[PDB]
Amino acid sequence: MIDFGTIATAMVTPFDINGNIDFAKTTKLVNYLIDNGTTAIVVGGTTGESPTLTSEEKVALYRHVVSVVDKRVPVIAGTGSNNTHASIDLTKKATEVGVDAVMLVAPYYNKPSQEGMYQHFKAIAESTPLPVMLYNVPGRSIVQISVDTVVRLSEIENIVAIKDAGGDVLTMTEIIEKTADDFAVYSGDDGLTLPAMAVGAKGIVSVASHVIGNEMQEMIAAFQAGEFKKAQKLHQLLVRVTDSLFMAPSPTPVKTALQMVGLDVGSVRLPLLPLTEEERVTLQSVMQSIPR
(Lines of atoms letter the chains of each structure in order from A and count residues from 1; the text may use other names and numbers.)
(Lines give C-alpha, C1' and ligand atoms only; values in the text may rest on other atoms or scores of the structure.)
Protein backbone atom coordinates (compact mmCIF):
# COMPACT_ATOMS: atom_id res chain seq x y z
CA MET A 1 0.00 0.00 0.00
CA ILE A 2 1.42 3.35 -1.12
CA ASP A 3 2.08 5.94 1.66
CA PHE A 4 1.79 9.65 0.78
CA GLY A 5 2.69 10.64 4.36
CA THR A 6 1.29 13.66 6.18
CA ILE A 7 1.95 16.47 3.65
CA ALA A 8 1.31 16.02 -0.06
CA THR A 9 2.11 19.30 -1.78
CA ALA A 10 -0.07 20.60 -4.59
CA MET A 11 2.95 21.82 -6.52
CA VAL A 12 2.92 25.00 -8.60
CA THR A 13 4.19 24.68 -12.17
CA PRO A 14 7.11 27.10 -12.68
CA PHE A 15 7.07 29.14 -15.89
CA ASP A 16 9.92 30.93 -17.65
CA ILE A 17 10.07 34.50 -18.96
CA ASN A 18 7.95 33.46 -21.98
CA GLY A 19 5.33 31.61 -19.91
CA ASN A 20 6.65 28.18 -20.89
CA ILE A 21 7.43 25.39 -18.39
CA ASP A 22 10.76 26.16 -16.69
CA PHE A 23 12.32 22.78 -15.93
CA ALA A 24 15.40 24.23 -14.18
CA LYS A 25 13.17 26.10 -11.71
CA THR A 26 11.04 22.96 -11.33
CA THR A 27 14.16 21.04 -10.26
CA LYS A 28 14.95 23.69 -7.60
CA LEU A 29 11.35 23.66 -6.32
CA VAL A 30 11.11 19.85 -6.06
CA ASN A 31 14.38 19.63 -4.11
CA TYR A 32 13.32 22.51 -1.84
CA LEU A 33 9.92 20.89 -1.09
CA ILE A 34 11.45 17.49 -0.27
CA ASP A 35 13.87 19.17 2.15
CA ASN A 36 11.08 21.26 3.73
CA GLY A 37 8.53 18.70 4.89
CA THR A 38 6.84 17.55 1.64
CA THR A 39 6.15 13.80 1.80
CA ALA A 40 4.46 13.48 -1.61
CA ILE A 41 4.11 15.73 -4.66
CA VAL A 42 0.97 16.32 -6.67
CA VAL A 43 2.09 17.45 -10.13
CA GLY A 44 -0.11 19.31 -12.60
CA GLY A 45 -3.08 19.71 -10.28
CA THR A 46 -5.25 22.78 -9.88
CA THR A 47 -2.43 24.63 -8.09
CA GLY A 48 -0.14 23.50 -10.93
CA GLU A 49 -2.42 25.33 -13.42
CA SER A 50 -3.68 22.16 -15.10
CA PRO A 51 -6.38 24.14 -17.00
CA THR A 52 -3.80 26.12 -19.02
CA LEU A 53 -1.32 23.26 -19.63
CA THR A 54 -1.53 21.26 -22.88
CA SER A 55 -1.63 17.45 -22.66
CA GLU A 56 1.93 17.44 -23.98
CA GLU A 57 3.04 19.93 -21.32
CA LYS A 58 1.41 17.83 -18.58
CA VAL A 59 3.25 14.69 -19.61
CA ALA A 60 6.61 16.52 -19.98
CA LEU A 61 6.06 17.99 -16.50
CA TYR A 62 5.10 14.62 -14.98
CA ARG A 63 8.21 13.06 -16.55
CA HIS A 64 10.56 15.78 -15.32
CA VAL A 65 9.19 15.69 -11.78
CA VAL A 66 9.45 11.88 -11.66
CA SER A 67 13.08 12.10 -12.86
CA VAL A 68 14.14 14.70 -10.29
CA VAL A 69 12.30 13.04 -7.42
CA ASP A 70 14.09 9.74 -8.15
CA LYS A 71 11.75 7.74 -5.89
CA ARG A 72 12.41 9.88 -2.77
CA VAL A 73 8.68 10.57 -2.38
CA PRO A 74 5.55 9.46 -4.25
CA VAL A 75 4.61 11.51 -7.32
CA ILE A 76 0.87 11.91 -7.95
CA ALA A 77 -0.19 13.27 -11.36
CA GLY A 78 -3.44 15.27 -11.75
CA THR A 79 -4.69 13.33 -14.76
CA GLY A 80 -8.44 13.38 -14.10
CA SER A 81 -10.61 15.92 -15.89
CA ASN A 82 -14.38 16.21 -16.57
CA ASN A 83 -13.95 13.97 -19.66
CA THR A 84 -13.70 10.26 -18.83
CA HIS A 85 -12.10 9.15 -22.13
CA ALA A 86 -9.51 11.94 -22.00
CA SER A 87 -8.80 11.11 -18.33
CA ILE A 88 -8.04 7.48 -19.29
CA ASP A 89 -5.71 8.62 -22.07
CA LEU A 90 -3.77 11.03 -19.81
CA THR A 91 -3.62 8.44 -17.04
CA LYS A 92 -2.02 5.95 -19.46
CA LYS A 93 0.55 8.57 -20.51
CA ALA A 94 1.43 9.41 -16.88
CA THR A 95 1.82 5.72 -16.07
CA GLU A 96 4.30 5.49 -19.00
CA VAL A 97 6.55 8.19 -17.45
CA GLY A 98 6.72 6.49 -14.05
CA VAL A 99 4.39 8.43 -11.75
CA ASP A 100 3.34 6.55 -8.60
CA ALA A 101 -0.34 7.51 -8.51
CA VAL A 102 -2.97 9.73 -10.11
CA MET A 103 -5.33 12.34 -8.66
CA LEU A 104 -8.90 12.26 -10.04
CA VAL A 105 -11.09 15.30 -9.45
CA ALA A 106 -14.89 15.32 -9.41
CA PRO A 107 -15.82 16.39 -12.95
CA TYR A 108 -16.30 20.18 -13.03
CA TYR A 109 -18.68 22.16 -15.28
CA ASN A 110 -20.89 19.25 -16.49
CA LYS A 111 -22.37 18.48 -13.04
CA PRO A 112 -22.46 14.67 -13.10
CA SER A 113 -24.63 12.56 -10.82
CA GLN A 114 -23.35 10.26 -8.06
CA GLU A 115 -23.62 7.21 -10.34
CA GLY A 116 -22.04 9.12 -13.25
CA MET A 117 -19.07 9.95 -11.01
CA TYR A 118 -18.94 6.35 -9.81
CA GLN A 119 -18.74 5.06 -13.40
CA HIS A 120 -16.29 7.90 -14.26
CA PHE A 121 -13.88 7.03 -11.46
CA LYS A 122 -14.41 3.26 -11.94
CA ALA A 123 -13.55 3.49 -15.66
CA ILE A 124 -10.32 5.46 -15.07
CA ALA A 125 -9.18 3.25 -12.14
CA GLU A 126 -9.75 0.06 -14.21
CA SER A 127 -7.53 1.48 -16.99
CA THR A 128 -4.38 1.78 -14.86
CA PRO A 129 -2.41 -0.38 -12.42
CA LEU A 130 -1.60 2.80 -10.44
CA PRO A 131 -3.15 3.80 -7.13
CA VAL A 132 -5.87 6.46 -7.42
CA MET A 133 -6.63 9.36 -5.10
CA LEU A 134 -10.07 10.90 -5.43
CA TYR A 135 -10.50 14.67 -5.15
CA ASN A 136 -13.74 16.13 -3.74
CA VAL A 137 -13.90 19.88 -4.40
CA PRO A 138 -17.44 21.34 -4.61
CA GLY A 139 -15.85 24.78 -4.30
CA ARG A 140 -14.59 24.22 -7.88
CA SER A 141 -16.76 21.40 -9.35
CA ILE A 142 -20.05 22.31 -7.58
CA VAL A 143 -21.03 18.66 -7.10
CA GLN A 144 -19.98 16.67 -4.01
CA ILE A 145 -18.79 13.08 -4.09
CA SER A 146 -21.25 11.65 -1.53
CA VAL A 147 -20.03 9.59 1.43
CA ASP A 148 -21.75 6.51 0.00
CA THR A 149 -20.15 7.05 -3.44
CA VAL A 150 -16.72 7.42 -1.81
CA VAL A 151 -17.32 4.18 0.14
CA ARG A 152 -18.34 2.24 -2.98
CA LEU A 153 -15.25 3.56 -4.79
CA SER A 154 -12.98 2.64 -1.84
CA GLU A 155 -13.94 -1.02 -2.49
CA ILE A 156 -12.18 -0.83 -5.87
CA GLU A 157 -8.71 -2.25 -5.27
CA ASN A 158 -6.54 0.64 -6.55
CA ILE A 159 -8.70 3.55 -5.24
CA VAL A 160 -6.71 4.12 -2.06
CA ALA A 161 -7.37 7.67 -0.84
CA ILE A 162 -9.31 10.91 -1.14
CA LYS A 163 -8.40 14.59 -0.93
CA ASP A 164 -11.50 16.08 0.68
CA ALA A 165 -11.66 19.83 0.02
CA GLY A 166 -15.35 19.96 0.87
CA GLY A 167 -14.52 22.02 3.99
CA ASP A 168 -16.62 19.70 6.14
CA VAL A 169 -14.93 17.45 8.73
CA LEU A 170 -18.23 15.66 9.52
CA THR A 171 -18.54 14.19 6.05
CA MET A 172 -14.80 13.43 6.40
CA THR A 173 -15.60 11.69 9.70
CA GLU A 174 -18.15 9.38 8.05
CA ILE A 175 -15.80 8.53 5.14
CA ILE A 176 -13.06 7.69 7.66
CA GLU A 177 -15.53 5.53 9.64
CA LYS A 178 -17.12 3.59 6.80
CA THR A 179 -14.00 2.86 4.68
CA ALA A 180 -11.29 0.28 5.50
CA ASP A 181 -8.10 1.11 7.42
CA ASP A 182 -6.11 1.04 4.16
CA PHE A 183 -8.25 3.87 2.67
CA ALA A 184 -6.80 7.30 3.59
CA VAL A 185 -8.70 10.58 3.97
CA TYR A 186 -6.70 13.77 3.42
CA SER A 187 -7.81 17.33 4.10
CA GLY A 188 -7.84 19.49 0.96
CA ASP A 189 -7.91 22.72 2.99
CA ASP A 190 -4.71 23.86 4.77
CA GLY A 191 -6.63 25.63 7.55
CA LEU A 192 -8.47 22.41 8.45
CA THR A 193 -5.29 20.30 8.76
CA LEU A 194 -5.38 20.23 12.58
CA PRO A 195 -9.14 19.65 13.12
CA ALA A 196 -9.27 17.14 10.21
CA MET A 197 -6.45 15.08 11.72
CA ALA A 198 -8.18 15.25 15.11
CA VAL A 199 -11.11 13.32 13.53
CA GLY A 200 -8.84 10.79 11.74
CA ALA A 201 -7.47 12.41 8.56
CA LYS A 202 -4.06 11.04 7.58
CA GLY A 203 -2.80 14.50 6.57
CA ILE A 204 -3.19 17.44 4.20
CA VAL A 205 -2.85 18.03 0.46
CA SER A 206 -1.28 21.44 0.85
CA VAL A 207 -0.72 24.82 -0.80
CA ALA A 208 0.82 26.53 2.30
CA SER A 209 3.56 23.85 2.47
CA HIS A 210 5.34 25.74 -0.33
CA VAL A 211 6.33 28.35 2.31
CA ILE A 212 5.70 26.89 5.80
CA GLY A 213 6.11 23.14 5.29
CA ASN A 214 8.52 22.83 8.23
CA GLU A 215 6.07 24.62 10.56
CA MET A 216 3.26 22.33 9.34
CA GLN A 217 5.23 19.16 10.06
CA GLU A 218 6.02 20.63 13.48
CA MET A 219 2.29 21.23 14.13
CA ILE A 220 1.30 17.70 13.04
CA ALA A 221 4.03 16.15 15.21
CA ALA A 222 2.99 18.28 18.20
CA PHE A 223 -0.67 17.27 17.81
CA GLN A 224 0.21 13.56 17.43
CA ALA A 225 2.37 13.99 20.56
CA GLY A 226 -0.55 15.45 22.57
CA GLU A 227 1.12 18.87 22.79
CA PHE A 228 -2.12 20.81 22.14
CA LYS A 229 -0.90 24.33 22.97
CA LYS A 230 2.18 23.96 20.72
CA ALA A 231 0.03 22.53 17.91
CA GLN A 232 -2.57 25.29 18.40
CA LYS A 233 0.03 28.10 18.15
CA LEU A 234 1.34 26.68 14.85
CA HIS A 235 -2.28 26.14 13.66
CA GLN A 236 -2.84 29.88 14.14
CA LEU A 237 0.19 30.62 11.96
CA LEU A 238 -1.02 28.14 9.31
CA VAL A 239 -4.48 29.74 9.15
CA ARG A 240 -2.99 33.25 8.85
CA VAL A 241 -0.51 32.30 6.11
CA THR A 242 -3.07 30.16 4.22
CA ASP A 243 -5.58 33.03 4.15
CA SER A 244 -2.96 35.41 2.69
CA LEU A 245 -2.42 32.91 -0.17
CA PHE A 246 -6.11 32.92 -1.26
CA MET A 247 -6.96 36.66 -1.36
CA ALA A 248 -6.38 36.52 -5.10
CA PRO A 249 -7.05 33.41 -7.22
CA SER A 250 -4.59 30.59 -6.51
CA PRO A 251 -1.98 29.79 -7.36
CA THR A 252 -0.97 33.38 -8.03
CA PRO A 253 -0.23 34.39 -4.43
CA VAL A 254 1.79 31.27 -3.57
CA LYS A 255 3.95 31.70 -6.73
CA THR A 256 4.62 35.33 -5.77
CA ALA A 257 5.38 34.32 -2.15
CA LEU A 258 7.91 31.73 -3.39
CA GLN A 259 9.64 34.48 -5.35
CA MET A 260 9.69 36.66 -2.21
CA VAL A 261 11.58 33.92 -0.33
CA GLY A 262 14.14 33.40 -3.12
CA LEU A 263 12.51 30.67 -5.20
CA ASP A 264 11.32 32.42 -8.34
CA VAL A 265 8.81 30.25 -10.25
CA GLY A 266 7.60 32.86 -12.77
CA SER A 267 4.08 34.17 -13.28
CA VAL A 268 0.69 32.69 -14.27
CA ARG A 269 -1.27 31.97 -17.45
CA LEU A 270 -4.48 33.72 -18.48
CA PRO A 271 -7.23 33.80 -17.29
CA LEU A 272 -5.10 34.22 -14.15
CA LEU A 273 -3.22 37.48 -13.68
CA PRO A 274 -0.22 38.61 -11.62
CA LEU A 275 -0.81 40.33 -8.27
CA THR A 276 -1.50 44.06 -8.34
CA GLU A 277 0.98 46.23 -6.45
CA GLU A 278 -1.49 46.63 -3.54
CA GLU A 279 -1.97 42.85 -3.35
CA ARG A 280 1.79 42.31 -3.45
CA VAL A 281 2.48 44.75 -0.57
CA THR A 282 -0.11 42.98 1.58
CA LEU A 283 1.29 39.51 0.87
CA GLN A 284 4.91 40.57 1.44
CA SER A 285 4.05 41.95 4.89
CA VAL A 286 2.58 38.53 5.82
CA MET A 287 5.64 36.71 4.44
CA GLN A 288 8.04 39.08 6.24
CA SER A 289 6.17 38.45 9.54
CA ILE A 290 6.69 34.66 9.55
CA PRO A 291 8.92 33.82 12.57
CA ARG A 292 12.52 32.98 11.55
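Note that residue numbering follows the sequence shown and begins at 1.
Of the two segments, 55-63 and 259-267, the one listed with the higher mean B-factor is 259-267 (C-alpha atoms only). Comparing 244-252 with 222-230, the higher mean C-alpha B-factor in the PDB entry belongs to 222-230. Between the residues 208, 77, 90, 180, the entry's highest C-alpha temperature factor is the one at 180.
Across the residues 204, 86, 117, 170, the deposited record lists the maximum Cα B factor for 170.
Sort the chain's modelled residues by C-alpha temperature factor and residue 152 lands in the middle third, per the entry. The deposited CA B-factor of residue 107 belongs to the lowest third of values across its chain. For residue 130, the recorded CA B-factor ranks within the highest third of the chain. Only modelled residues enter the ranking. Among all modelled residues in its chain, residue 217 ranks in the highest third by Cα B-factor.
In the deposited entry, the Cα temperature factor of residue 21 sits in the middle third of values across the chain's modelled residues.
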